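Trainee: Give the three-dimensional model of this entry:
(2 chains, ligands or ions: 2)
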Number of protein chains: 2
Amino acid sequence: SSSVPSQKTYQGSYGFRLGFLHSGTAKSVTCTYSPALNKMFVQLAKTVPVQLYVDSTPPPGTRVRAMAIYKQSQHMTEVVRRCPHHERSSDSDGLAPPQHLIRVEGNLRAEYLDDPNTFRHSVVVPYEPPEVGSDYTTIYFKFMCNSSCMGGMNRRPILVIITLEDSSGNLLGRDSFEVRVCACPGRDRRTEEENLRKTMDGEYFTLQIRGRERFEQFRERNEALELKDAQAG
Amino acid sequence: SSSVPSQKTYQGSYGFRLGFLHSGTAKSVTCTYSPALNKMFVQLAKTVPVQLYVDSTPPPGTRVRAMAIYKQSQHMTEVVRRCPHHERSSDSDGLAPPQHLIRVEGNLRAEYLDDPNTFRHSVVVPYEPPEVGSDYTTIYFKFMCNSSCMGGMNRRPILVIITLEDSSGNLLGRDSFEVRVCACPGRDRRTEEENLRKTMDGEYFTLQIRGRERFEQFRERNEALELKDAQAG
Ligand SMILES: [Zn+2]
Ligand SMILES: [Zn+2]
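Mentor: Numbers count the residues shown, from 1 in each chain, chains lettered A, B, ... in the order given. Ligands and ions are numbered 1, 2, ... in the order given. Sharing the structure here:
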């Protein structure tokens, strides 16, 4: 169990914040971001473009770090790892250490860290200004395990924290977004957005039940009711 | 409907914060504060002592203001008022304007305000340093309506906000505490603390429900079960 890093959005002096491509939701999309959920949906090991915006250029030596943590409070102290199956497969590509869930693509100056005090994984790269005629710098990531990987994330949602820091590692800025690695990003984005939509217009509701046995009674009853809805229509 | 004032705790430059007497919970107590709930329990129009602490002395002209707002999100924009029955009774004492729920006792420099832009009520007094041989200044309040007053708070919980300000009304500090005016503060404090006790000790699970009425039904069942939890013991 490890201490939990802060996820507080912080633009800092240089006005640091993330930007994402506006994509559709066709079942064939390999990667799609949901603004309404601040959640990125992507397929296994598929490229994820992330835009870095600043209002003023940071000093030389500035760096950008990516780290993942579990979103659920009860699993926050558990380091996010790849499942054993994917991690120990004999056919690793060697492009990055095999234990890292998050990789940076297209950057040979990328450094992978395994913190000596928290044992948390992160990948870091030198901050680079936008290309001429552009106001953002692009970073491409790849996630090496599905959200449902047993022995890994095991269907637990994760948050990706991006921090802007100086050469020493001091904080300059921070932002984050949720991530779900799945087979069909398009339909999953639509499903989760619909779930949010139905919750806001009073179609879906949630209830907190005390005690595991009590909760189970309520869940079983709710199932019978939905089975009855299915049968009714 | 009126804008909602901030309830953000803020000690400011002078280290401003509230202090309260430690009291018992016998059914005969007229006023008793719950540290665990940051909630004051008091009988109708009974004196409520509140201690003002600062680490450094505020400049001359500094003032202390008390204002109440409803705690529940859905009722926050509704101005907190006394019920009509208590407000329009012919036998008003004239010690303070009759519409004010909150009064300051024992201070002839107390000023009652009916905001011209928000129509919210508040009482303000000049800030005074602690008596020699003391590190806090005491302010005494009186609440002129029961929490259950129909046509008034109507059983809706209220939050009292105390703000330290300069002579011009600029913010210097802020703190707050919940309040419940009832017949038996002692038993109610114990009852509410016990309810909190059961909530902290319990493990909760989330049930996703479809259908407004289906939800209302489960909710009723759940609250009925928690009701029996508080009865058995
Ligand atoms: Zn895996
Ligand atoms: Zn009343």
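Trainee: tell me the secondary structure for the residue positioned nearest the centre of chain A?
Mentor: Nearest to the mean C-alpha position of chain A, by Cα atoms, centre = their mean, lies residue A:179 at 2.9 Å. Put simply, residue A:179 is strand when judged by DSSP: H, G, I helix; E, B strand; the rest coil.
Trainee: Against ligand 1, how distant is it?
Mentor: 14 Å (Cβ to the ion, to the nearest Å). All C-beta atoms are positioned from the backbone trio N, CA, C, and that covers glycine.
Trainee: any idea how far residue A:163 is from that residue?
Mentor: 16 Å (Cβ to Cβ, to the nearest Å).
Trainee: hang on, residue A:24 packs against residue A:186?
Mentor: Yes. With contact defined as Cβ atoms under 8 Å, residue A:24 reaches residue A:186; the gap is 7.4 Å.
Trainee: Quickly list what's touching both of the two.
Mentor: residue A:32 (Cβ atoms under 8 Å, 6 or more residues apart in numbering or on different chains).
Trainee: And those two? Which one has more around it.
Mentor: residue A:186 (19 against 9; other Cβ atoms under 10 Å in any protein chain shown).
Trainee: Which strand or helix spans the more buried one?
Mentor: Here residue A:186, judged by DSSP states H and E, is contained in helix A:185-200.
Trainee: same for that helix, what does it pack against?
Mentor: Other helices and strands packing on helix A:185-200, by 3 or more Cβ pairs under 8 Å, 6 or more residues apart in numbering or on different chains; DSSP states H and E, are strand A:31-34, strand A:39-42, strand A:204-210.
Trainee: Render the CA-only coordinates of it in PDB, please.
Mentor: Taking Å, rounded to 0.1, in the frame of the first residue of the first chain, the C-alpha atoms of helix A:185-200 are listed here in PDB:
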ATOM      1  CA  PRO A 185     -14.500   2.500 -27.100                       C
ATOM      2  CA  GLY A 186     -17.300   4.000 -29.300                       C
ATOM      3  CA  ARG A 187     -20.200   2.000 -27.800                       C
ATOM      4  CA  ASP A 188     -18.800   2.200 -24.300                       C
ATOM      5  CA  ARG A 189     -18.500   6.000 -24.500                       C
ATOM      6  CA  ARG A 190     -22.200   6.100 -25.600                       C
ATOM      7  CA  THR A 191     -23.300   3.700 -22.900                       C
ATOM      8  CA  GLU A 192     -21.600   5.600 -20.100                       C
ATOM      9  CA  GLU A 193     -22.700   9.000 -21.400                       C
ATOM     10  CA  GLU A 194     -26.300   7.600 -21.600                       C
ATOM     11  CA  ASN A 195     -26.000   6.400 -18.100                       C
ATOM     12  CA  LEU A 196     -25.000   9.900 -17.000                       C
ATOM     13  CA  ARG A 197     -27.800  11.400 -19.100                       C
ATOM     14  CA  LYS A 198     -30.400   9.100 -17.500                       C
ATOM     15  CA  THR A 199     -29.100   9.900 -14.000                       C
ATOM     16  CA  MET A 200     -29.400  13.700 -14.500                       C
END
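Trainee: Would it be right to say that residue A:86 lies in a strand?
Mentor: No. Counting by three-state DSSP, residue A:86 falls outside a strand, being helix.
Trainee: give me the number of residues near it?
Mentor: For residue A:86, the count of nearby residues is 20 (other Cβ under 10 Å).
Trainee: Correct me if wrong: it contacts residue A:149.
Mentor: Yes. If you go by Cβ under 8 Å, residue A:86 and residue A:149 touch, sitting 6.8 Å apart.
Trainee: which residues does the residue nearest to the centre of chain A bridge with?
Mentor: For residue A:179, the residues forming beta bridges with it (DSSP bridges) are residue A:40, residue A:158.
Trainee: what's in contact with the longest helix seen in chain A?
Mentor: The residue-count maximum for a helix in chain A (DSSP state H) belongs to helix A:212-232. Residues outside helix A:212-232 that contact it (Cβ under 8 Å, 6+ apart): A:207, A:209, B:203-205, B:207, B:209-210, B:214, B:218, B:221-222, B:225.
Trainee: Mind giving me the ChimeraX command for buried ones among the residues you listed?
Mentor: In ChimeraX syntax, the buried subset of the contacts of helix A:212-232 is picked out as below (16 or more other Cβ atoms under 10 Å in any protein chain shown):
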select /A:207,209 /B:207,209,218,222
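Trainee: any idea which of the contacts of helix A:212-232 is closest to ligand 2?
Mentor: residue B:222 (32.2 Å; Cβ to the ion).
Trainee: What separation do you get for that closest one and residue B:212?
Mentor: Counting by Cβ to Cβ, the gap from residue B:222 to residue B:212 is 16 Å.
Trainee: just residue A:209 next, same as before
Mentor: From residue A:209 to residue B:212 the distance is 18 Å (Cβ to Cβ).
Trainee: likewise residue A:123?
Mentor: Taking Cβ to Cβ, one finds residue A:123 at 46 Å from residue B:212.
Trainee: Of the two, which one has the most company?
Mentor: Neighbour tally, residue A:123 and residue B:212, criterion other Cβ under 10 Å: the higher count belongs to residue A:123, 23 against 12.
Trainee: dump the residue contacts of that one.
Mentor: Neighbour list for residue A:123: A:65-66, A:96, A:100, A:102-104, A:110-113 [criterion: Cβ under 8 Å, 6+ apart].
Trainee: can you do 10 Å?
Mentor: Contacts for residue A:123 were tallied using Cβ atoms under 10 Å, 6 or more residues apart in numbering or on different chains; they are A:64-68, A:96-97, A:100-104, A:107, A:110-113, A:139, A:141.
Trainee: Buried subset of those as a ChimeraX selection?
Mentor: This is the ChimeraX syntax for the buried subset of those, where burial follows 16+ other Cβ under 10 Å:
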select /A:64,65,66,67,68,96,100,101,102,103,104,110,139,141
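Trainee: Among the contacts of residue A:123, which lie within helices?
Mentor: Among those, no member falls in helices (DSSP H).
Trainee: Out of the contacts of residue A:123, which sit inside strands?
Mentor: If you go by DSSP state E, the contacts of residue A:123 have A:64-68, A:102-104, A:111-113, A:139, A:141 in strands.
Trainee: So which bits of the helix holding residue A:186 are buried?
Mentor: Of the residues in helix A:185-200, A:185-186, A:188-190, A:192-193 count as buried by neighbour count, 16+ other Cβ under 10 Å.
Trainee: Next one: residue A:69 relative to residue A:7, how far apart?
Mentor: Using Cβ to Cβ, residue A:69 is found at 7 Å from residue A:7.
Trainee: and these two? which has more neighbours close in?
Mentor: Shown here are residue A:69 and residue A:7; by other Cβ under 10 Å, residue A:69 has more neighbours (22 against 16).
Trainee: The more buried one - nearest residue in space that isn't next to it in sequence?
Mentor: Once flanking residues are discounted, residue A:69 sits nearest to residue A:159: 5.5 Å by Cβ to Cβ, 6 or more residues apart in numbering or on different chains.
Trainee: Kindly report the same for residue A:152.
Mentor: Counting by Cβ to Cβ, 6+ apart, residue A:152 lies nearest to residue A:83, which is 3.1 Å off, once chain neighbours are set aside.
Trainee: Tell me who's in contact with the one you found.
Mentor: Applying Cβ under 10 Å, 6+ apart to residue A:83 gives the contacts A:101, A:144-146, A:148-154.
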